[PDB]
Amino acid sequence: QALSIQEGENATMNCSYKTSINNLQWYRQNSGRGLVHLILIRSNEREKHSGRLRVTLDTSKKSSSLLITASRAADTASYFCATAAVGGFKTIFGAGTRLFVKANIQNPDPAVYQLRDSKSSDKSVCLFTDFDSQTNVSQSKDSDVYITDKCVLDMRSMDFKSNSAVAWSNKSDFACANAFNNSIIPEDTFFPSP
C-alpha cells in the first residue's frame, strides 16, 4: 500500500470494505493539513466528480477506487477509506495507501557544503543540497554519524524549490568531503574549494 509518482501524473488508489454501508468516503492525512474528508459517495451511486478527484464505488464486491488527476506535491499523504452507517455510530476506516509525489526540480545544482562550527556545539555539520528528485539519500552507516533524509524546501521569494539533507558528527574523523558517499552522488556534484 505504497504508491510513488512524479508530480503531474495520475494517482489511483483502491480500498475494500466488509459490511453493508450507507456511504463510503475517502480521507487524506498528513501533518500539513491533518485528517481531511475528500469526497462522499452513496451506496446507490457508482462514480462522483469533485475538482481533480473522482471516486468509483462497486458495491457488487465492496470496493472503491480514488483517482487524482494532475497530481501535485501537496497530494503527498496517506489516503484512507471510511464507510458509514446511517446515524453516525459505525463510521469506520480501512487500510490506507501512502502516496508520494516527487516534485520536479527545474534548476538542479547538486553540491556539498560545510557549515560553520557553532561556538556552543562540538558538532561538525554538512549540507547536501540542490540535487534533483531522482537522488536518494542513504542513511548513516556509522554509529556516531547522523544523516537526515531529504527535505524539499520552497523559497517562495524566488519561486525556487530545492532538496537537501544534513549530516553531522562530533567525531574527529568525520569529514564533509565524504559524509554522503554511502549515497549515489550525482557526477556533477560540486565540492567547492574551502
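So that there is no doubt, residue numbering starts at 1 and follows the sequence shown.
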Original post:
So 178 to 186 or 21 to 29, which one's hotter by mean CA B-factor in the entry?
Top reply: 21 to 29
Original post:
Is the mean CA B factor in the deposited entry higher across 131 to 139 or across 56 to 64?
Top reply: 56 to 64
Subject >> Peak C-alpha temperature factor (PDB record), options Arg72, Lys90, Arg98, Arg116 >> reply: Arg72
Original post:
Which is it among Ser157, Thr148, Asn163, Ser50: the one with the largest CA B-factor in the entry?
Top reply: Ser50
Original post:
Going by what the PDB entry lists, where does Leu153 fall on CA B-factor within its chain: lowest, middle or highest third?
Top reply: lowest
**OP:** Among all modelled residues of this chain, ranked by Cα B factor, put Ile41 in the bottom, middle or top third, i.e. lowest, middle or highest.
**Re:** highest
**OP:** Rank-wise, by C-alpha B-factor, drop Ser172 into the lowest, middle or highest third of its chain.
**Re:** middle
